[PDB]
Structure formats: structure tokens, C-alpha cells
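One structure below.
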Amino acid sequence: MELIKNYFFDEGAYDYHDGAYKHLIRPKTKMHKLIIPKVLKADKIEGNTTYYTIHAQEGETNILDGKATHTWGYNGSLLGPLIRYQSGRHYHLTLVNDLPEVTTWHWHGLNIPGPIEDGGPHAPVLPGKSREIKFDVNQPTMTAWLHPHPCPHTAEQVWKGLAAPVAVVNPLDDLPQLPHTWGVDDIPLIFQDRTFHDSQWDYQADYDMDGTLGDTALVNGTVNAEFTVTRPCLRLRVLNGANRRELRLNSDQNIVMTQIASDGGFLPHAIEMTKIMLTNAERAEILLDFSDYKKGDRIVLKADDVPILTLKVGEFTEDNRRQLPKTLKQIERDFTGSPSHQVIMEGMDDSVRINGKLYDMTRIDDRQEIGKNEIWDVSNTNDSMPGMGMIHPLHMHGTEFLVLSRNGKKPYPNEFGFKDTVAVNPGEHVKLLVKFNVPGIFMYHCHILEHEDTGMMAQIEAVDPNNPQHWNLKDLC
Amino acid sequence: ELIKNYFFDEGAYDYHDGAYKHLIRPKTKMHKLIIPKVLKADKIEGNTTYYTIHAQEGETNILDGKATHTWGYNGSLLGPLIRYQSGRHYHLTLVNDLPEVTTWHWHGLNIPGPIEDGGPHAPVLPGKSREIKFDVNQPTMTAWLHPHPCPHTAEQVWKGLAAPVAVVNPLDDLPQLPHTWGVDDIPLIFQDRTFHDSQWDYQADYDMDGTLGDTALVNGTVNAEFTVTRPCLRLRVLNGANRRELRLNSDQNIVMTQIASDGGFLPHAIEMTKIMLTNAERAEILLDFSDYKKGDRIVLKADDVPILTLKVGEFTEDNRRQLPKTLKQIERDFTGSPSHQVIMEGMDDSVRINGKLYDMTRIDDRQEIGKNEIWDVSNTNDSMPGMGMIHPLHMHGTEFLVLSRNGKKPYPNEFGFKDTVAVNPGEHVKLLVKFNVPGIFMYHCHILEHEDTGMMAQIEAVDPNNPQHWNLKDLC
Ligand SMILES: [Cu+2]
Ligand SMILES: [Cu+2]
Ligand SMILES: [Cu+2]
Ligand SMILES: [Cu+2]
Ligand SMILES: [Cu+2]
Ligand SMILES: [Cu+2]
Ligand SMILES: [Cu+2]
Ligand SMILES: [Cu+2]
């Protein structure tokens with residue numbers, strides 16, 4: 001009835017129309033057990049402050065069933081742990097670079113001061129050296145993530161294995177009816193694509209200016225992953241951590257995915273679907289129900305046609321199903337009037353640009369006063385004809401916005417919540433309601449990592465009127 | 001608005017008795033509060049879950065000297081948290097490793113009587129063991145396990161046998177509550193004993209009107225201290241005394257929000273700074289430590305003696321979640337004559353039900369399962385002060401509603417389901433009772449020395465579509 005059974009974005013511009021597209025290959029290895037990221041432990045709690053330490057470091061990981069792979073990871077050989085943050089708490093972080101080149105810690109999703117706490121290009125930690133930052137957190141319940149933002153080297157470092165999941169909990173809008181037992185009924189899905197060259201990742205080998213694609217899907221750094229379900233309800237926190245690849249998530253048994261959340265948090269109401277497309281950097285939290293299944297059944301989840309995660313059903317321990325409310329979260333959406341900001345995304349490959357300009361680190365491209373609600377007009381000037389086009393996902397640092405309209409029409413069924421990343425189809429005009437809460441220099445860019453690297457970034461000053469600020473910007477790219 | 005008084009009639013409180021024993025705050029180090037381990041499942045196959053529980057002997061360091069000789073379930077003393085879920089089948093194995101006969105009464109669980117009931121008819125001999133099956137179909141609530149032989153229940157409870165039982169129903173559970181067992185969700189199993197050379201001797205302390213100890217335990221811990229690491233704390237309080245009433249207070253009159261009673265949640269939450277509990281009663285309360293500083297102690301006391309100290313540490317999370325105004329929907333509209341009468345009478349030796357002592361081979365009442373019948377439990381002890389005692393009526397295999405007390409509305413926290421109810425002298429408490437499973441169930445005074453003496457009786461919960469012949473024997 002009201003069940004989606006399709007993929008929302010315009011198909012004529014999907015990634016697989018590209019001339020140098022790489023199809024995924026289901027690799028020949030044993031079914032590995034799905035790796036769950038460990039929960040990051042606190043060094044200490046002192047007042048409302050919580051002390052964390054995170055090392056960027058090199059290591060070997062047995063991913064295939066042969067040699068190991070040379071990986072980069074946070075507090076480990078590859079990927080990183082679950083980092084919990086709580087709304088209304090102060091956090092002290094220690095960023096230790098144990099890698100042999102400069103990196104940053106961009107907290108994609110966290111609304112914290114820019115451009116240092118933010119973790120964008122401006123804040124660099126040198127090999128050997130480390131960095132300290134403080135910040136308060138004040139935002140809704142949502143799933144975020146951590147990745148490197150060094151310029152122009154992000155893509156390479158993400159490819160090298162740097163990324164981590166970030167859970168943010170707000171006591172005043174959290175839904176404790178949902179599965180929350182991390183590792184058991186509440187799981188991340190960090191989808192990425194890589195190509196192994198003798199059980200080894202070589203970014204230089206696979207590079208494409210329009211975005212680098214791998215031929216082998218990973219999931220939490222696991223290949224041919226299998227997760228055993230021991231409870232009826234499963235909460236998946238899906239994240240497209242690819243450089244370029246779109247994630248068209250489906251199943252052969254068309255199991256209903258009820259989506260409770262997006263990049264910015266819970267949605268007004270739940271949305272039932274059997275498919276879901278995710279562009280880069282976009283998260284979705286979905287519930288699955290295994291009640292009407294028998295023990296031993298496999299529910300294979302596929303990206304397009306290739307299997308990436310298998311959900312095997314065991315004997316259930318308890319029944320973790322709890323009736324939800326109809327409204328998951330209250331959200332004002334009544335906003336009108338002309339756009340005060342315009343972002344024309346244009347080009348492909350070499351040509352990629354924003355408002356005709358490439359990233360310059362010493363330039364402020366826009367300004368907006370914190371607190372106010374201003375409307376944006378993000379557009380894509382790619383050819384609409386099928387295969388002519390391309391889907392760029394706009395990301396904005398230090399904020400969560402609302403999608404107001406797409407070419408005048410209502411946004412897709414699952415976009416009535418807060419987001420920080422949004423797919424723009426060719427020829428489209430997406431209207432966004434943006435509000436900055438903390439001031440500072442923030443980024444906005446295409447989250448296809450090879451585009452950002454090649455200069456699809458721009459900077460905005462979130463202005464506090466009661467604290468005009470002088471900036472000493474340098475370019476380190 | 002805020003209740004600040006104990007509910008029951010004071011003229012009949014335990015401390016009017018001629019041979020009352022005052023509690024003594026003992027001189028020992030502040031011990032860390034013991035949290036019962038969660039019982040592991042042997043296996044799961046289908047909707048069935050397999051448990052095994054040993055009754056067994058052991059030594060426990062309770063004081064800071066010698067150890068004490070204790071009895072316990074899967075351990076030296078007390079027992080673990082036993083989780084049950086509504087809408088599941090359970091297979092249990094009861095292994096008696098004690099040197100005398102015991103049972104496994106699941107006080108609170110609505111399961112068939114009188115075998116799976118764990119009542120007197122279900123003895124397990126020393127060395128031998130027993131198997132039982134049963135489905136669970138009841139609301140979210142806290143129950144407990146204790147032995148119920150004839151007439152040795154009191155001695156065996158005193159010896160250390162008891163355990164907390166959590167029962168969860170997915171369709172009426174409130175996941176807003178603290179549920180992280182051991183962290184923000186803990187039991188409070190209040191008991192009183194007297195140590196004779198760091199040793200329990202029931203024969204020494206015995207009083208037919210109920211045995212009293214001079215030393216409060218809490219989860220078998222003396223001078224317990226629990227460190228709070230989260231703003232909201234869920235206490236599951238249980239009076240596991242033989243006789244002693246539990247007048248729970250605090251010197252700093254912290255507000256206790258009472259979410260639940262013996263049969264589970266209340267229609268709405270009730271705020272109070274005090275709460276009285278008679279034997280076998282349970283109450284789940286929330287405390288809020290937001291407006292406190294680190295290092296503060298919130299001492300809970302039974303009467304004038306401290307039993308637990310809640311030290312405030314650095315908080316890890318904020319676990320406070322808005323509750324709804326109605327915690328649970330409950331029909332209370334029920335009228336018409338009582339079809340059942342229980343006259344509780346006597347004290348000490350005289351104690352009796354409807355003029356009769358417990359006889360194990362006799363059916364004292366009958367009631368058809370499914371139907372809602374009204375009961376009239378009364379106390380004919382003198383109303384005049386110091387001349388009366390409060391007997392708590394318990395009924396096996398059912399959860400009832402308190403409809404009225406001497407015609408008046410029941411106390412502020414009695415609008416939910418209970419299985420135990422205090423009856424003041426001269427009182428007439430009207431109860432709405434329904435049996436869901438048939439069999440031979442007990443109803444009795446849960447002052448354990450009264451039950452042993454015989455303040456007990458038996459009812460046949462009759463299934464009309466399965467009349468049964470009973471071969472009842474006295475296993476006393
Ligand atoms: Cu990002
Ligand atoms: Cu970002
Ligand atoms: Cu792009
Ligand atoms: Cu960025
Ligand atoms: Cu009992
Ligand atoms: Cu009972
Ligand atoms: Cu009595
Ligand atoms: Cu009983």
C-alpha cells in the first residue's frame with residue numbers, strides 16, 4: 001500500500017552510466033563474521049567534561065583469507081570505534097597523529113565551532129605531533145561519523161582506511177523504544193568499495209578524477225560479511241563511506257525496511273520501503289523485523305546486484321519489539337520566501353566547480369548570521385539526458401538543514417527530517433532551510449571525494465553579530 | 001500534592017509488640033552493595049528456554065570477621081536475577097543440593113498449581129531434583145523466588161534462600177525506564193537477621209508471632225553503599241523479612257517516584273518521601289540525582305537505621321526520559337456482592353483463617369477461571385493501639401485489584417495489580433480476583449511464622465471444561 005518499492009533519485013544520472021564504471025564483484029572468500037566497531041572508552045570524566053583520545057595509526061588487517069592488508073585506522077589497524085557523544089555535555093579530545101603524513105579529524109555531522117574543532121582543511125595535525133580541542137554538544141539524536149579532511153589529500157586517506165561511526169544522543173528527543181544494545185540488536189553498516197592489488201590497497205592505481213571506484217564491497221571492513229540475528233527487531237545504521245559509489249541497497253526477499261532516521265536525525269514519521277538509495281556521506285537508520293521468519297533463513301542485502309551483508313536468523317533470546325509513536329519527532333517545516341543564498345554546482349571531472357570558482361582556502365565565499373533561518377537554492381547544471389548526467393551530494397559543515405522542495409515539488413518520502421548531505425539530480429533546484437547555531441568558518445562541498453580534492457569546496461562565515469571576528473586564513477593545500 | 005506519610009494505620013505497626021526488637025546499625029566497614037548476577041540460560045530451543053537452579057549450601061563473608069553459613073540459589077546466599085518473558089515457554093530444573101526438602105515457590109508468577117506453583121505440594125528431596133514446564137502470560141512486574149515447604153518456609157528463608165525475578169511483557173513494558181541492571185537499575189532485598197558469632201541461628205531468635213533480627217541486610221550486604229553513575233535510579237524494593245515491616249525513609253526526604261507495585265505498573269506515578277512495605281510487597285521507585293553534587297550521600301533508612309547509602313559519583317550519561325501521564329491502562333469499574341470471604345484472625349498461636357488451620361488435604365474454596373469475583377479479606381484483631389498487628393494477605397497464581405478499604409478508596413499506590421495486601425485491624429479490604437490458570441493455589445498470611453503455624457488455605461481455580469479429581473496428600 002504505502003510501501004515504497006523504488007529508488008528515489010533520478011536514474012538517468014546513476015553512477016553506472018559512466019564510461020569508466022566498475023561493476024562490483026562478489027569475491028571468492030569464506031563468509032567472514034561481521035566486525036562490530038568497539039565502543040571508544042573515556043580516559044576520564046571530570047565535571048560535565050568527558051576526555052577522549054584518538055590515535056590515527058597504521059596497521060595490518062586480515063580482510064581476505066590470505067595475506068593481510070596495509071590499513072590506516074583510528075585506535076586500530078582499520079576504520080575506527082564507536083564514538084558516543086551526548087547533547088548538553090562538554091568534551092575534551094586529544095588527536096594523536098601516528099601516521100606518516102598530516103591529517104585532520106572532521107566530525108561530519110557534529111555542529112561544533114569552525115574551522116578548528118570542525119576538523120576541516122584548516123586544522124592539521126603533524127606526523128608525531130598531536131592536538132587538543134574542547135567543545136560542547138547541543139544537537140538532536142542522530143548518527144554521524146568521523147573522517148579525515150586534509151586538503152587535497154582526503155580521498156586518499158579515506159581510501160587508506162580512515163573512518164569511524166559516531167552516535168549522538170539527546171535525552172530530550174531520544175526514542176528508547178528502539179534497539180540500543182550495540183553489537184546485538186543495534187549495528188552499523190559502513191559500506192565502502194576497494195580493489196585489492198595482491199591483498200593490498202593502492203589508491204594511485206584506481207584513481208579517477210570523476211571519483212574512484214572499487215570492485216569489492218566492504219562492510220565495517222568485512223568481506224562476505226555475515227551477522228547472526230538473535231532478536232526480532234534489528235536497527236541498522238547505514239552509511240555510504242564510498243569515495244564515489246552510490247549505494248542502492250536491496251534484498252532478494254524484499255524485506256520491509258522501516259526508516260526512522262536520516263543524516264540529521266529522526267524523521268517526523270517512519271517510512272516503509274524495500275529499497276533505498278544513498279549517495280556519499282549519507283546515513284539512514286532502518287529497522288528490520290524477523291518475526292515471520294524461521295531459524296536458519298538468510299536475508300541477503302545487496303548493493304544493486306552484489307551481496308554485501310547476510311543476516312542469518314538464529315534462536316531469539318528476547319522480544320525487543322516496542323510500539324513506536326506515530327510522530328517520531330516534531331519538526332516545524334512552515335517556511336517561505338525568496339532564497340538568500342545560491343549554490344550552482346557545475347561540471348564533471350576536471351570542470352567541477354561551485355559558482356564558477358574552485359576551492360581557495362584564504363577566501364570567504366559567503367556569510368550568514370547565526371540564529372536566523374535563511375533559504376538556499378542548491379542547483380546542478382549537468383546535462384539531464386540519460387547518462388549525460390551525474391548526481392552530486394551537497395554537504396554543509398557545522399549545520400543540519402531541512403529540504404524544503406525539489407524543483408518546486410515536495411522532497412522524497414524520507415527527506416522531511418534534518419539532513420547535512422543531499423543528492424542533487426541534474427537540472428534540479430533543491431531548496432534548503434539552513435540555520436547556523438555556532439559561528440566560525442565552515443565548508444560546503446560535493447562529498448564525492450575526488451571532486452572536493454579537485455576544488456568543489458567553498459567557505460561560509462557563520463557570523464555572530466555580537467562578536468565580529470578577524471580571521472588569519474592561510475592556505476595549506 | 002506530595003505524600004509525606006506512611007500509609008498504613010500506625011496503631012498496629014510492628015513496634016507496638018511486647019517483644020519487638022529495634023534494629024541496630026552494626027559497627028563494620030562500609031561494604032559495597034552486592035548485585036545479584038543474571039541467571040544464564042542452559043539452552044534455547046523453539047519458544048522454550050531452559051533454566052537450572054540449585055538450592056545449595058555455602059559460606060559468605062557478610063561481616064568483616066568469620067564467614068556465615070548460608071543457603072542460596074546457584075550460590076552461597078540469596079540467588080540471581082531470573083528473567084522471564086510474557087509469551088514464552090520455560091523448562092526449569094530444580095536441583096536440591098541442600099540436606100533437607102525444599103520447594104521453589106515463584107511468588108508473583110501466574111503458573112499452574114500446585115506443582116509448578118512451587119507450593120507445599122511440590123517437595124524436592126535432598127539429592128534428587130525436579131523438572132517443570134510452563135508458559136508465562138502476565139504484565140511487566142518484579143516477582144521473587146522463595147522456598148515454601150510445610151512447616152519450614154520461615155527457617156529456610158532465614159537460612160538465606162530467596163531471589164529476585166524480573167518479568168517483562170513487550171506489549172506493556174516502558175523502555176523509558178532505567179533497565180541497565182547493576183548500573184541504573186538495582187534490587188533492594190531488605191531482610192533482618194541476628195548474628196551469633198557471625199552465624200545465623202533461627203532456633204535462637206524464634207517468635208511464633210514472627211521472628212525479628214537486629215541487623216538489617218540489603219542483598220545480603222551489611223552497611224551497603226552503592227555508587228550512582230547516572231541521574232535516574234530504579235530501585236526494586238522487596239521486603240524479604242519474616243515479620244519486620246519496612247518503613248523506608250531518607251534523612252534528606254528525596255522524592256521517590258513509585259512506578260510499580262507487586263503486579264506491575266501503576267496507572268500513574270506517585271511521588272512520596274516515605275513508603276511502608278509489609279512482607280512480600282514490592283515497589284519499584286525512581287530517584288533523581290540531578291540537583292546533587294558529586295560526593296553527596298543519600299542515606300536510605302528503615303525507620304531510624306540506615307540500610308543503603310547512595311553515594312553520588314561522576315555521571316556517565318543522562319538516562320532521564322519523559323514518561324507518559326498514564327503508565328498503564330486498567331479497568332477498575334467493578335461492583336456487586338463479595339462471592340468470597342477471608343476472615344483473618346488471631347495473633348501468635350491463635351492465628352487462623354475462617355476459624356481453621358492449614359490442612360493440606362482440604363480444598364477450602366473454589367472459583368471458576370476467567371470470571372471476575374470479589375473477595376472480602378478482613379482482620380479481626382483489636383483496633384485499639386498496641387493490641388493489633390497488620391497481616392499481609394498473599395494469593396498464589398493470581399494478581400488482584402484492591403477495590404476499597406473499609407469502603408474508602410485504597411491508598412495512593414494501590415490502583416494497580418497486587419498479589420500481597422496489608423490488612424489493618426478492623427479493616428475490610430475488597431479485592432477483585434481472577435484466575436487465568438487452573439489448579440490448587442494457596443492464600444495466606446505472609447508473616448512466615450503465621451504460615452508455618454497454619455494461617456493458610458487452598459482454593460481450586462476450576463476450569464469448567466476440565467473438571468479434575470485430586471489425590472491430595474499431606475507432605476507436611
Ligand atoms: Cu564528510
Ligand atoms: Cu562535514
Ligand atoms: Cu561532484
Ligand atoms: Cu567536509
Ligand atoms: Cu511468597
Ligand atoms: Cu505466592
Ligand atoms: Cu498473620
Ligand atoms: Cu505462598
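Residue numbers start at 1 in each chain; chains themselves are named A, B, ... in the order of the C-alpha cells; ligands are numbered from 1 in the order shown.
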How would you write, as a ChimeraX atom specification, the set of residues no farther than 12 Å from ligand 7 when counting only C-alpha atoms and all ligand atoms?
-> /B:14,208-210,242-244,278-279,343-353,378-381,388-394,421-425,443-456
Residue hits in chain A, query chain B, radius 9 Å, only C-alpha atoms, as a ChimeraX atom specification = /A:45-48,50,86,170-178,315-323
Go ahead and write the selection's residues with N, CA, C and O atoms as an mmCIF file, in the first residue's frame.
```cif
data_model
loop_
_atom_site.group_PDB
_atom_site.id
_atom_site.type_symbol
_atom_site.label_atom_id
_atom_site.label_comp_id
_atom_site.auth_asym_id
_atom_site.auth_seq_id
_atom_site.Cartn_x
_atom_site.Cartn_y
_atom_site.Cartn_z
ATOM 1 N N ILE A 45 36.103 11.167 33.324
ATOM 2 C CA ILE A 45 35.016 12.130 33.415
ATOM 3 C C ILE A 45 35.274 13.035 34.614
ATOM 4 O O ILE A 45 35.478 12.552 35.725
ATOM 5 N N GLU A 46 35.239 14.350 34.376
ATOM 6 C CA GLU A 46 35.575 15.341 35.384
ATOM 7 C C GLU A 46 34.708 16.574 35.147
ATOM 8 O O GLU A 46 34.963 17.337 34.222
ATOM 9 N N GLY A 47 33.679 16.747 35.986
ATOM 10 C CA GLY A 47 32.634 17.730 35.749
ATOM 11 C C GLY A 47 31.680 17.266 34.648
ATOM 12 O O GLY A 47 31.377 16.077 34.546
ATOM 13 N N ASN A 48 31.220 18.217 33.821
ATOM 14 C CA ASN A 48 30.394 17.902 32.664
ATOM 15 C C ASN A 48 31.273 17.534 31.466
ATOM 16 O O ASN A 48 30.759 17.254 30.381
ATOM 17 N N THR A 50 34.017 15.239 29.324
ATOM 18 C CA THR A 50 34.420 13.860 29.089
ATOM 19 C C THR A 50 35.663 13.842 28.194
ATOM 20 O O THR A 50 35.680 14.491 27.149
ATOM 21 N N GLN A 86 27.017 13.074 23.758
ATOM 22 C CA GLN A 86 25.726 13.361 24.361
ATOM 23 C C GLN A 86 25.444 14.859 24.291
ATOM 24 O O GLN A 86 26.284 15.678 24.659
ATOM 25 N N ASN A 170 20.566 12.753 22.304
ATOM 26 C CA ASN A 170 19.966 13.880 23.000
ATOM 27 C C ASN A 170 18.857 13.350 23.905
ATOM 28 O O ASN A 170 17.853 12.848 23.412
ATOM 29 N N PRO A 171 18.988 13.427 25.251
ATOM 30 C CA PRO A 171 17.970 12.883 26.152
ATOM 31 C C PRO A 171 16.540 13.382 25.958
ATOM 32 O O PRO A 171 15.604 12.715 26.391
ATOM 33 N N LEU A 172 16.376 14.548 25.321
ATOM 34 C CA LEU A 172 15.081 15.208 25.229
ATOM 35 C C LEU A 172 14.338 14.840 23.939
ATOM 36 O O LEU A 172 13.165 15.182 23.791
ATOM 37 N N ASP A 173 15.007 14.144 23.008
ATOM 38 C CA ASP A 173 14.352 13.686 21.789
ATOM 39 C C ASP A 173 14.781 12.265 21.426
ATOM 40 O O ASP A 173 14.551 11.845 20.293
ATOM 41 N N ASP A 174 15.370 11.523 22.374
ATOM 42 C CA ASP A 174 15.761 10.145 22.123
ATOM 43 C C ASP A 174 14.527 9.246 22.223
ATOM 44 O O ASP A 174 13.594 9.551 22.964
ATOM 45 N N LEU A 175 14.541 8.142 21.459
ATOM 46 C CA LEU A 175 13.459 7.169 21.449
ATOM 47 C C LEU A 175 13.960 5.852 22.034
ATOM 48 O O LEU A 175 14.486 5.007 21.313
ATOM 49 N N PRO A 176 13.780 5.619 23.353
ATOM 50 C CA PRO A 176 14.338 4.429 23.996
ATOM 51 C C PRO A 176 13.556 3.146 23.730
ATOM 52 O O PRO A 176 13.852 2.113 24.329
ATOM 53 N N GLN A 177 12.568 3.228 22.826
ATOM 54 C CA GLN A 177 11.840 2.064 22.341
ATOM 55 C C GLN A 177 12.679 1.318 21.308
ATOM 56 O O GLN A 177 12.467 0.132 21.091
ATOM 57 N N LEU A 178 13.606 2.032 20.663
ATOM 58 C CA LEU A 178 14.424 1.463 19.608
ATOM 59 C C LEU A 178 15.469 0.537 20.216
ATOM 60 O O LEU A 178 15.922 0.745 21.341
ATOM 61 N N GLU A 315 18.274 -18.627 17.003
ATOM 62 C CA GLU A 315 17.272 -18.647 18.057
ATOM 63 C C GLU A 315 17.260 -17.289 18.753
ATOM 64 O O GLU A 315 18.315 -16.771 19.122
ATOM 65 N N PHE A 316 16.057 -16.717 18.904
ATOM 66 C CA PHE A 316 15.900 -15.414 19.525
ATOM 67 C C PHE A 316 15.955 -15.577 21.039
ATOM 68 O O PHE A 316 15.423 -16.545 21.576
ATOM 69 N N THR A 317 16.599 -14.615 21.710
ATOM 70 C CA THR A 317 16.719 -14.617 23.160
ATOM 71 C C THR A 317 15.498 -13.931 23.776
ATOM 72 O O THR A 317 14.890 -14.468 24.697
ATOM 73 N N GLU A 318 15.161 -12.737 23.285
ATOM 74 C CA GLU A 318 14.024 -11.994 23.802
ATOM 75 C C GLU A 318 13.257 -11.369 22.643
ATOM 76 O O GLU A 318 13.611 -11.577 21.485
ATOM 77 N N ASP A 319 12.199 -10.625 22.993
ATOM 78 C CA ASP A 319 11.399 -9.874 22.042
ATOM 79 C C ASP A 319 11.614 -8.390 22.327
ATOM 80 O O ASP A 319 11.148 -7.880 23.344
ATOM 81 N N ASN A 320 12.331 -7.717 21.418
ATOM 82 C CA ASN A 320 12.758 -6.347 21.635
ATOM 83 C C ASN A 320 11.877 -5.381 20.846
ATOM 84 O O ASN A 320 12.223 -4.210 20.713
ATOM 85 N N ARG A 321 10.736 -5.866 20.342
ATOM 86 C CA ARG A 321 9.800 -5.028 19.612
ATOM 87 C C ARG A 321 8.970 -4.212 20.599
ATOM 88 O O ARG A 321 8.352 -4.776 21.500
ATOM 89 N N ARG A 322 8.970 -2.887 20.409
ATOM 90 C CA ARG A 322 8.198 -1.962 21.225
ATOM 91 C C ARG A 322 7.421 -1.024 20.302
ATOM 92 O O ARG A 322 7.974 -0.483 19.350
ATOM 93 N N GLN A 323 6.132 -0.839 20.585
ATOM 94 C CA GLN A 323 5.313 0.042 19.773
ATOM 95 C C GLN A 323 5.950 1.430 19.745
ATOM 96 O O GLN A 323 6.312 1.965 20.794
#
```
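What separates atom CA of residue 286 of chain A from atom CA of residue 259 of chain A is a distance of 4.2 Å.
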Expected answer as a ChimeraX atom specification: helix (DSSP H, G or I) residues in segment 381-460 of chain B | /B:448-453
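Between atom CA of residue 199 of chain A and atom CA of residue 25 of chain A lies a distance of 14.9 Å.
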May I have the residues within 8 Å of residue 447 of chain A as a PyMOL selection string, using only C-alpha atoms and disregarding those fewer than 6 positions away in the same chain?
-> chain A and resi 243+280-281+392-395
Can I get the residues close to ligand 4 as a PyMOL selection string, where close means within 8 Å and we count only C-alpha atoms and all ligand atoms?
-> chain A and resi 106+108+120+149+395-397+443-445+447
Can you write out the residues you just picked, keeping C-alpha atoms, as a PDB file, in the first residue's frame?
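Result file is selection.pdb:
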```pdb
ATOM      1  CA  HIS A 106      36.439  16.139  10.549  1.00  0.00           C
ATOM      2  CA  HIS A 108      30.900  15.063   9.788  1.00  0.00           C
ATOM      3  CA  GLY A 120      38.180  20.600   8.089  1.00  0.00           C
ATOM      4  CA  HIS A 149      39.547  16.264   5.728  1.00  0.00           C
ATOM      5  CA  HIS A 395      27.309  18.567   2.314  1.00  0.00           C
ATOM      6  CA  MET A 396      27.436  21.530   4.733  1.00  0.00           C
ATOM      7  CA  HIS A 397      29.705  21.597   7.794  1.00  0.00           C
ATOM      8  CA  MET A 443      32.782  24.313   4.466  1.00  0.00           C
ATOM      9  CA  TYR A 444      30.179  23.331   1.897  1.00  0.00           C
ATOM     10  CA  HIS A 445      31.122  20.943  -0.906  1.00  0.00           C
ATOM     11  CA  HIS A 447      31.097  14.824  -0.997  1.00  0.00           C
TER      12      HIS A 447
END
```
